[PDB]
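Student: Just so it is clear, I am handing over work_32.pdb, which has PDB, C-alpha atoms and all ligand atoms.
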```
MODEL        1
ATOM      1  CA  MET W  80      58.492 -36.734 -45.951  1.00  0.00           C
ATOM      2  CA  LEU W  81      55.074 -35.666 -44.663  1.00  0.00           C
ATOM      3  CA  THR W  82      52.981 -33.175 -46.648  1.00  0.00           C
ATOM      4  CA  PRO W  83      53.748 -29.697 -45.284  1.00  0.00           C
ATOM      5  CA  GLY W  84      51.166 -27.793 -43.256  1.00  0.00           C
ATOM      6  CA  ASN W  85      50.513 -31.018 -41.339  1.00  0.00           C
ATOM      7  CA  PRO W  86      46.886 -31.449 -42.468  1.00  0.00           C
ATOM      8  CA  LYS W  87      45.712 -35.072 -42.016  1.00  0.00           C
ATOM      9  CA  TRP W  88      42.553 -37.206 -41.849  1.00  0.00           C
ATOM     10  CA  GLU W  89      40.976 -37.600 -38.399  1.00  0.00           C
ATOM     11  CA  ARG W  90      39.311 -40.988 -38.992  1.00  0.00           C
ATOM     12  CA  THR W  91      40.930 -44.324 -39.826  1.00  0.00           C
ATOM     13  CA  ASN W  92      38.266 -45.717 -42.152  1.00  0.00           C
ATOM     14  CA  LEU W  93      38.147 -43.734 -45.369  1.00  0.00           C
ATOM     15  CA  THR W  94      36.064 -44.212 -48.510  1.00  0.00           C
ATOM     16  CA  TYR W  95      37.159 -43.907 -52.127  1.00  0.00           C
ATOM     17  CA  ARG W  96      35.434 -43.888 -55.504  1.00  0.00           C
ATOM     18  CA  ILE W  97      36.664 -44.547 -59.046  1.00  0.00           C
ATOM     19  CA  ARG W  98      34.583 -42.044 -61.063  1.00  0.00           C
ATOM     20  CA  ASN W  99      35.711 -43.067 -64.564  1.00  0.00           C
ATOM     21  CA  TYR W 100      38.217 -45.298 -66.340  1.00  0.00           C
ATOM     22  CA  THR W 101      40.921 -45.612 -68.985  1.00  0.00           C
ATOM     23  CA  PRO W 102      40.381 -47.531 -72.280  1.00  0.00           C
ATOM     24  CA  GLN W 103      43.894 -48.999 -72.016  1.00  0.00           C
ATOM     25  CA  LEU W 104      42.986 -51.400 -69.201  1.00  0.00           C
ATOM     26  CA  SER W 105      39.825 -53.300 -68.269  1.00  0.00           C
ATOM     27  CA  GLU W 106      37.655 -51.806 -65.523  1.00  0.00           C
ATOM     28  CA  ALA W 107      38.681 -54.756 -63.315  1.00  0.00           C
ATOM     29  CA  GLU W 108      42.402 -54.109 -63.830  1.00  0.00           C
ATOM     30  CA  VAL W 109      41.875 -50.458 -62.881  1.00  0.00           C
ATOM     31  CA  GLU W 110      39.948 -51.362 -59.732  1.00  0.00           C
ATOM     32  CA  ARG W 111      42.612 -53.929 -58.792  1.00  0.00           C
ATOM     33  CA  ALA W 112      45.474 -51.478 -59.304  1.00  0.00           C
ATOM     34  CA  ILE W 113      43.734 -49.000 -56.983  1.00  0.00           C
ATOM     35  CA  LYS W 114      42.939 -51.635 -54.336  1.00  0.00           C
ATOM     36  CA  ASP W 115      46.534 -52.913 -54.256  1.00  0.00           C
ATOM     37  CA  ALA W 116      47.975 -49.400 -54.122  1.00  0.00           C
ATOM     38  CA  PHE W 117      45.818 -48.612 -51.069  1.00  0.00           C
ATOM     39  CA  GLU W 118      46.860 -51.921 -49.494  1.00  0.00           C
ATOM     40  CA  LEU W 119      50.538 -50.911 -49.427  1.00  0.00           C
ATOM     41  CA  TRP W 120      49.708 -48.072 -47.055  1.00  0.00           C
ATOM     42  CA  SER W 121      47.044 -49.980 -45.112  1.00  0.00           C
ATOM     43  CA  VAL W 122      49.415 -52.728 -43.955  1.00  0.00           C
ATOM     44  CA  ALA W 123      51.740 -50.135 -42.417  1.00  0.00           C
ATOM     45  CA  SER W 124      49.119 -48.057 -40.571  1.00  0.00           C
ATOM     46  CA  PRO W 125      45.675 -48.109 -38.916  1.00  0.00           C
ATOM     47  CA  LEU W 126      44.051 -46.803 -42.119  1.00  0.00           C
ATOM     48  CA  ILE W 127      41.249 -48.915 -43.653  1.00  0.00           C
ATOM     49  CA  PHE W 128      40.057 -48.097 -47.204  1.00  0.00           C
ATOM     50  CA  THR W 129      36.541 -48.942 -48.417  1.00  0.00           C
ATOM     51  CA  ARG W 130      35.150 -48.549 -51.942  1.00  0.00           C
ATOM     52  CA  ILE W 131      31.773 -47.087 -52.923  1.00  0.00           C
ATOM     53  CA  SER W 132      30.428 -46.568 -56.458  1.00  0.00           C
ATOM     54  CA  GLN W 133      27.939 -43.827 -55.605  1.00  0.00           C
ATOM     55  CA  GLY W 134      27.744 -40.999 -53.106  1.00  0.00           C
ATOM     56  CA  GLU W 135      30.509 -38.675 -51.940  1.00  0.00           C
ATOM     57  CA  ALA W 136      33.637 -40.671 -51.140  1.00  0.00           C
ATOM     58  CA  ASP W 137      36.492 -39.177 -49.149  1.00  0.00           C
ATOM     59  CA  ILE W 138      38.932 -39.907 -51.965  1.00  0.00           C
ATOM     60  CA  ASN W 139      37.799 -39.362 -55.559  1.00  0.00           C
ATOM     61  CA  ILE W 140      39.887 -40.966 -58.296  1.00  0.00           C
ATOM     62  CA  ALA W 141      39.553 -39.934 -61.944  1.00  0.00           C
ATOM     63  CA  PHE W 142      41.242 -39.812 -65.378  1.00  0.00           C
ATOM     64  CA  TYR W 143      41.249 -36.352 -66.998  1.00  0.00           C
ATOM     65  CA  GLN W 144      42.962 -34.536 -69.907  1.00  0.00           C
ATOM     66  CA  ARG W 145      44.521 -31.045 -69.965  1.00  0.00           C
ATOM     67  CA  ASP W 146      42.191 -28.567 -68.188  1.00  0.00           C
ATOM     68  CA  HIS W 147      39.748 -30.344 -65.874  1.00  0.00           C
ATOM     69  CA  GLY W 148      38.264 -27.858 -63.405  1.00  0.00           C
ATOM     70  CA  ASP W 149      40.864 -27.480 -60.653  1.00  0.00           C
ATOM     71  CA  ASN W 150      43.212 -24.907 -62.185  1.00  0.00           C
ATOM     72  CA  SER W 151      45.998 -27.532 -62.495  1.00  0.00           C
ATOM     73  CA  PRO W 152      45.921 -28.774 -66.131  1.00  0.00           C
ATOM     74  CA  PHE W 153      47.776 -31.843 -67.306  1.00  0.00           C
ATOM     75  CA  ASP W 154      50.267 -31.544 -70.186  1.00  0.00           C
ATOM     76  CA  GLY W 155      49.682 -34.305 -72.751  1.00  0.00           C
ATOM     77  CA  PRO W 156      52.033 -37.340 -73.214  1.00  0.00           C
ATOM     78  CA  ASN W 157      54.810 -37.833 -70.606  1.00  0.00           C
ATOM     79  CA  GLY W 158      55.808 -35.049 -68.195  1.00  0.00           C
ATOM     80  CA  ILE W 159      53.225 -34.719 -65.373  1.00  0.00           C
ATOM     81  CA  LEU W 160      51.682 -38.181 -64.822  1.00  0.00           C
ATOM     82  CA  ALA W 161      49.074 -37.312 -62.197  1.00  0.00           C
ATOM     83  CA  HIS W 162      48.557 -35.225 -59.043  1.00  0.00           C
ATOM     84  CA  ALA W 163      46.646 -35.358 -55.748  1.00  0.00           C
ATOM     85  CA  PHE W 164      45.287 -33.113 -53.017  1.00  0.00           C
ATOM     86  CA  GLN W 165      46.181 -33.098 -49.328  1.00  0.00           C
ATOM     87  CA  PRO W 166      43.601 -34.290 -46.729  1.00  0.00           C
ATOM     88  CA  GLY W 167      40.514 -32.112 -46.347  1.00  0.00           C
ATOM     89  CA  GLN W 168      36.889 -31.820 -47.448  1.00  0.00           C
ATOM     90  CA  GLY W 169      35.689 -31.235 -50.986  1.00  0.00           C
ATOM     91  CA  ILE W 170      38.504 -31.789 -53.477  1.00  0.00           C
ATOM     92  CA  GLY W 171      40.896 -32.515 -50.605  1.00  0.00           C
ATOM     93  CA  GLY W 172      42.345 -36.015 -50.840  1.00  0.00           C
ATOM     94  CA  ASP W 173      41.204 -36.464 -54.453  1.00  0.00           C
ATOM     95  CA  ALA W 174      43.613 -37.909 -57.049  1.00  0.00           C
ATOM     96  CA  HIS W 175      43.693 -37.303 -60.798  1.00  0.00           C
ATOM     97  CA  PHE W 176      45.591 -39.187 -63.473  1.00  0.00           C
ATOM     98  CA  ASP W 177      46.480 -37.802 -66.897  1.00  0.00           C
ATOM     99  CA  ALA W 178      44.190 -39.517 -69.397  1.00  0.00           C
ATOM    100  CA  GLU W 179      46.628 -38.941 -72.288  1.00  0.00           C
ATOM    101  CA  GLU W 180      49.233 -41.266 -70.796  1.00  0.00           C
ATOM    102  CA  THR W 181      49.783 -44.920 -71.619  1.00  0.00           C
ATOM    103  CA  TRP W 182      48.617 -46.858 -68.548  1.00  0.00           C
ATOM    104  CA  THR W 183      49.759 -50.420 -67.960  1.00  0.00           C
ATOM    105  CA  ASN W 184      49.952 -53.155 -65.371  1.00  0.00           C
ATOM    106  CA  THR W 185      53.452 -54.089 -66.595  1.00  0.00           C
ATOM    107  CA  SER W 186      56.953 -52.593 -66.327  1.00  0.00           C
ATOM    108  CA  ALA W 187      56.187 -50.517 -69.416  1.00  0.00           C
ATOM    109  CA  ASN W 188      55.530 -46.786 -68.988  1.00  0.00           C
ATOM    110  CA  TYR W 189      53.480 -46.112 -67.039  1.00  0.00           C
ATOM    111  CA  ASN W 190      52.332 -48.605 -64.393  1.00  0.00           C
ATOM    112  CA  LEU W 191      49.010 -47.420 -62.895  1.00  0.00           C
ATOM    113  CA  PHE W 192      49.559 -49.235 -59.556  1.00  0.00           C
ATOM    114  CA  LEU W 193      52.894 -47.492 -58.967  1.00  0.00           C
ATOM    115  CA  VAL W 194      51.697 -43.988 -59.870  1.00  0.00           C
ATOM    116  CA  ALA W 195      48.521 -44.474 -57.806  1.00  0.00           C
ATOM    117  CA  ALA W 196      50.475 -45.656 -54.766  1.00  0.00           C
ATOM    118  CA  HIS W 197      52.592 -42.496 -54.999  1.00  0.00           C
ATOM    119  CA  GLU W 198      49.570 -40.220 -55.465  1.00  0.00           C
ATOM    120  CA  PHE W 199      47.708 -41.750 -52.519  1.00  0.00           C
ATOM    121  CA  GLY W 200      50.639 -40.874 -50.253  1.00  0.00           C
ATOM    122  CA  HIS W 201      49.877 -37.217 -51.049  1.00  0.00           C
ATOM    123  CA  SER W 202      46.151 -37.886 -50.498  1.00  0.00           C
ATOM    124  CA  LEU W 203      47.108 -39.128 -47.029  1.00  0.00           C
ATOM    125  CA  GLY W 204      49.320 -36.175 -46.176  1.00  0.00           C
ATOM    126  CA  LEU W 205      52.864 -37.155 -47.133  1.00  0.00           C
ATOM    127  CA  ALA W 206      55.230 -34.796 -48.938  1.00  0.00           C
ATOM    128  CA  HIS W 207      58.050 -35.685 -51.313  1.00  0.00           C
ATOM    129  CA  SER W 208      61.072 -37.562 -49.983  1.00  0.00           C
ATOM    130  CA  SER W 209      64.777 -37.065 -50.737  1.00  0.00           C
ATOM    131  CA  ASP W 210      65.445 -40.813 -50.528  1.00  0.00           C
ATOM    132  CA  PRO W 211      66.014 -41.998 -54.134  1.00  0.00           C
ATOM    133  CA  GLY W 212      64.669 -45.429 -53.206  1.00  0.00           C
ATOM    134  CA  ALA W 213      61.442 -44.134 -51.680  1.00  0.00           C
ATOM    135  CA  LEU W 214      57.977 -44.390 -53.205  1.00  0.00           C
ATOM    136  CA  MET W 215      57.567 -40.671 -52.464  1.00  0.00           C
ATOM    137  CA  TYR W 216      60.716 -39.665 -54.359  1.00  0.00           C
ATOM    138  CA  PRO W 217      59.814 -36.885 -56.887  1.00  0.00           C
ATOM    139  CA  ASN W 218      60.638 -38.764 -60.121  1.00  0.00           C
ATOM    140  CA  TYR W 219      59.061 -41.960 -61.482  1.00  0.00           C
ATOM    141  CA  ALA W 220      61.432 -44.903 -62.003  1.00  0.00           C
ATOM    142  CA  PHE W 221      59.968 -48.422 -62.241  1.00  0.00           C
ATOM    143  CA  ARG W 222      62.053 -50.915 -60.257  1.00  0.00           C
ATOM    144  CA  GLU W 223      61.916 -54.591 -61.198  1.00  0.00           C
ATOM    145  CA  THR W 224      61.484 -56.555 -57.962  1.00  0.00           C
ATOM    146  CA  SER W 225      59.780 -59.457 -56.219  1.00  0.00           C
ATOM    147  CA  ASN W 226      59.092 -57.729 -52.894  1.00  0.00           C
ATOM    148  CA  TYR W 227      55.924 -55.693 -53.303  1.00  0.00           C
ATOM    149  CA  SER W 228      55.975 -53.846 -50.006  1.00  0.00           C
ATOM    150  CA  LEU W 229      56.405 -50.190 -49.037  1.00  0.00           C
ATOM    151  CA  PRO W 230      60.031 -48.988 -48.783  1.00  0.00           C
ATOM    152  CA  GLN W 231      61.084 -48.369 -45.175  1.00  0.00           C
ATOM    153  CA  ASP W 232      61.240 -44.587 -45.698  1.00  0.00           C
ATOM    154  CA  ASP W 233      57.551 -44.475 -46.649  1.00  0.00           C
ATOM    155  CA  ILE W 234      56.651 -46.628 -43.628  1.00  0.00           C
ATOM    156  CA  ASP W 235      58.352 -44.095 -41.370  1.00  0.00           C
ATOM    157  CA  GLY W 236      56.485 -41.322 -43.158  1.00  0.00           C
ATOM    158  CA  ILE W 237      52.996 -42.767 -42.697  1.00  0.00           C
ATOM    159  CA  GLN W 238      53.631 -43.941 -39.085  1.00  0.00           C
ATOM    160  CA  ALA W 239      54.817 -40.436 -38.240  1.00  0.00           C
ATOM    161  CA  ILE W 240      51.367 -39.113 -39.136  1.00  0.00           C
ATOM    162  CA  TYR W 241      48.903 -41.870 -38.202  1.00  0.00           C
ATOM    163  CA  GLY W 242      50.939 -44.101 -35.918  1.00  0.00           C
TER     164      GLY W 242
HETATM  165  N1  LIG C   1      57.787 -53.041 -59.126  1.00  0.00           N
HETATM  166  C1  LIG C   1      56.666 -52.523 -58.633  1.00  0.00           C
HETATM  167  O1  LIG C   1      55.549 -53.003 -58.822  1.00  0.00           O
HETATM  168  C2  LIG C   1      56.842 -51.250 -57.801  1.00  0.00           C
HETATM  169  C3  LIG C   1      57.981 -51.374 -56.786  1.00  0.00           C
HETATM  170  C4  LIG C   1      57.692 -52.543 -55.843  1.00  0.00           C
HETATM  171  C5  LIG C   1      56.483 -52.227 -54.962  1.00  0.00           C
HETATM  172  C6  LIG C   1      56.872 -51.107 -53.995  1.00  0.00           C
HETATM  173  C7  LIG C   1      57.547 -49.958 -54.747  1.00  0.00           C
HETATM  174  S1  LIG C   1      57.746 -48.333 -54.243  1.00  0.00           S
HETATM  175  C8  LIG C   1      58.513 -47.767 -55.664  1.00  0.00           C
HETATM  176  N2  LIG C   1      58.891 -46.532 -56.023  1.00  0.00           N
HETATM  177  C9  LIG C   1      59.398 -46.286 -57.238  1.00  0.00           C
HETATM  178  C10 LIG C   1      59.524 -44.840 -57.717  1.00  0.00           C
HETATM  179  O2  LIG C   1      59.904 -44.581 -58.858  1.00  0.00           O
HETATM  180  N3  LIG C   1      59.127 -43.932 -56.830  1.00  0.00           N
HETATM  181  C11 LIG C   1      59.156 -42.491 -57.121  1.00  0.00           C
HETATM  182  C12 LIG C   1      57.888 -42.109 -57.886  1.00  0.00           C
HETATM  183  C13 LIG C   1      56.953 -43.079 -58.234  1.00  0.00           C
HETATM  184  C14 LIG C   1      55.795 -42.721 -58.914  1.00  0.00           C
HETATM  185  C15 LIG C   1      55.566 -41.390 -59.251  1.00  0.00           C
HETATM  186  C16 LIG C   1      56.515 -40.426 -58.929  1.00  0.00           C
HETATM  187  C17 LIG C   1      57.665 -40.782 -58.235  1.00  0.00           C
HETATM  188  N4  LIG C   1      56.300 -39.083 -59.261  1.00  0.00           N
HETATM  189  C18 LIG C   1      55.170 -38.756 -60.018  1.00  0.00           C
HETATM  190  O3  LIG C   1      54.919 -37.584 -60.293  1.00  0.00           O
HETATM  191  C19 LIG C   1      54.338 -39.787 -60.438  1.00  0.00           C
HETATM  192  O4  LIG C   1      54.341 -41.037 -59.731  1.00  0.00           O
HETATM  193  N5  LIG C   1      59.585 -47.336 -58.142  1.00  0.00           N
HETATM  194  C20 LIG C   1      59.196 -48.629 -57.775  1.00  0.00           C
HETATM  195  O5  LIG C   1      59.359 -49.553 -58.572  1.00  0.00           O
HETATM  196  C21 LIG C   1      58.635 -48.859 -56.522  1.00  0.00           C
HETATM  197  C22 LIG C   1      58.099 -50.048 -56.026  1.00  0.00           C
HETATM  198 CA    CA C   2      37.652 -35.493 -51.247  1.00  0.00          CA
HETATM  199 CA    CA C   3      51.328 -35.847 -68.916  1.00  0.00          CA
HETATM  200 ZN    ZN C   4      43.370 -32.273 -61.180  1.00  0.00          ZN
HETATM  201 ZN    ZN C   5      54.518 -36.552 -55.931  1.00  0.00          ZN
ENDMDL
END
```
Can you turn what I pasted into structure tokens?
Tutor:
Amino acid sequence: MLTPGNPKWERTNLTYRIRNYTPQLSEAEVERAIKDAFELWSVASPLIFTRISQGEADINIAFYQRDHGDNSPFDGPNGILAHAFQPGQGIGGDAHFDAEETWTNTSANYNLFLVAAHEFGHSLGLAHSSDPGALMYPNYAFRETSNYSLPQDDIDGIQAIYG
């Protein structure tokens, strides 16, 4: 449930920065998807996320294709959708999304908000969950719903780390 090793952030106010974008959505839709994804975790913990557009943020977000400098290359359409690093300095906490994927703000593959929410859990220190209905479950599966709040299993996960 919680990223192994137990490494976590030691502050409650963290900064993030969107370094580049995706041509499939407007820059505003991208920024909104990120903001809402961080909000899911913020309402269930003491964590407060603030955006900056310059300087070294704690959490860097970016869209890359195949090899992109961290020895973990993406694989083209479908398959790996994105990945993120556990809390720490430097590349720690950063999240990358595969630029070759179709990104949407709809139920069509693949919803940026949903993938981002999942990736940020890793950025915060959570590991994969066995609960098929959890945000942190290993495989992506968009679920049509009206309640846009964190599943109880993910709430337990974050509270276990940050209270
Ligand atoms: N309908 C929505 O806008 C999302 C829905 C309501 C808001 C809260 C949550 S948490 C969640 N979780 C899932 C889901 O498939 N979780 C497992 C998962 C999600 C995203 C992923 C992965 C796994 N694995 C990856 O490698 C990439 O990103 N599906 C949802 O629809 C969902 C929702
Ligand atoms: Ca970082
Ligand atoms: Ca891919
Ligand atoms: Zn990467
Ligand atoms: Zn994951």
Student: Selected by the PyMOL selection byres (((chain W and resi 145) around 9) and not hetatm) in the shown coordinates: which residues, as a VMD selection string?
Tutor: chain W and resid 143 to 144 146 to 147 151 to 155 177 to 179
Student: Residues within 7 Å of ligand LIG 1 (chain C), counting all atoms listed in the file: report them as a ChimeraX atom specification.
Tutor: /W:159-162,193-194,197-198,212-224,226-230
Student: Expanded to explicit residues, what is the PyMOL selection byres (((chain W and resi 97) around 8) and not hetatm) for this file, as JSON, numbers by chain?
Tutor: {"W": [95, 96, 98, 99, 100, 110, 132, 139, 140, 141]}
Student: Residues contacting ligand CA 2 (chain C) - anything with an atom at most 9 Å away, using only C-alpha atoms and all ligand atoms - can you give me those as a PyMOL selection string?
Tutor: chain W and resi 95+135-139+164+166-174+202
Student: Which residues, protein or nucleic acid, reach to within 9 Å of (47.0, -48.8, -43.9) in the file's coordinates when using all atoms listed in the file, and can you give that as a PyMOL selection string?
Tutor: chain W and resi 91+117-128+237
Student: Rank W:148, W:236, W:211, W:134 by their smallest atom-to-atom distance to ligand ZN 4 (chain C), using all atoms listed in the file, and report the top residue only.
Tutor: W:148
Student: Take atom CA of ligand CA 3 (chain C) and CA of residue 205 (chain W) and report the distance between them in Å, one decimal.
Tutor: 21.9 Å
Student: From the list W:209, W:163, W:89, W:188, which residue is nearest residue 176 (chain W) when using only C-alpha atoms?
Tutor: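 For residue 176 (chain W), the nearest of the given residues is W:163.
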Student: Keeping N, CA and C atoms, write region 202-216 of chain W of the structure just shown out as a tab-separated table (two decimals), in the first residue's frame.
Tutor:
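And here's part.tsv as it stands now:
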```tsv
chain	number	residue	atom	x	y	z
W	202	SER	N	4.74	9.34	-6.03
W	202	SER	CA	5.57	10.51	-5.73
W	202	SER	C	5.53	10.81	-4.24
W	203	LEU	N	4.42	10.44	-3.61
W	203	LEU	CA	4.21	10.68	-2.18
W	203	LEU	C	4.72	9.54	-1.30
W	204	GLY	N	4.99	8.39	-1.90
W	204	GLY	CA	5.50	7.28	-1.13
W	204	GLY	C	4.63	6.04	-1.01
W	205	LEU	N	3.55	5.97	-1.78
W	205	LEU	CA	2.68	4.80	-1.73
W	205	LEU	C	3.13	3.76	-2.74
W	206	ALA	N	2.89	2.50	-2.42
W	206	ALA	CA	3.23	1.40	-3.30
W	206	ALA	C	1.94	0.92	-3.94
W	207	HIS	N	2.01	-0.12	-4.76
W	207	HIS	CA	0.80	-0.64	-5.39
W	207	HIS	C	-0.07	-1.35	-4.36
W	208	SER	N	-1.37	-1.36	-4.62
W	208	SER	CA	-2.35	-2.00	-3.76
W	208	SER	C	-2.96	-3.22	-4.44
W	209	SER	N	-3.40	-4.18	-3.63
W	209	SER	CA	-4.02	-5.40	-4.14
W	209	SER	C	-5.52	-5.21	-4.34
W	210	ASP	N	-6.07	-4.16	-3.75
W	210	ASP	CA	-7.49	-3.86	-3.85
W	210	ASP	C	-7.86	-3.44	-5.27
W	211	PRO	N	-8.61	-4.28	-6.00
W	211	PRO	CA	-9.01	-3.96	-7.38
W	211	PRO	C	-9.77	-2.65	-7.55
W	212	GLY	N	-10.32	-2.12	-6.47
W	212	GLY	CA	-11.07	-0.88	-6.57
W	212	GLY	C	-10.28	0.33	-6.10
W	213	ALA	N	-8.99	0.13	-5.85
W	213	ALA	CA	-8.12	1.20	-5.37
W	213	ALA	C	-7.44	1.96	-6.50
W	214	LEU	N	-7.20	3.25	-6.26
W	214	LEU	CA	-6.52	4.10	-7.23
W	214	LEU	C	-5.13	3.51	-7.50
W	215	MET	N	-4.49	3.00	-6.44
W	215	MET	CA	-3.15	2.43	-6.55
W	215	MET	C	-3.08	0.98	-7.04
W	216	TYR	N	-4.18	0.47	-7.58
W	216	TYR	CA	-4.16	-0.88	-8.13
W	216	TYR	C	-3.19	-0.76	-9.32
```
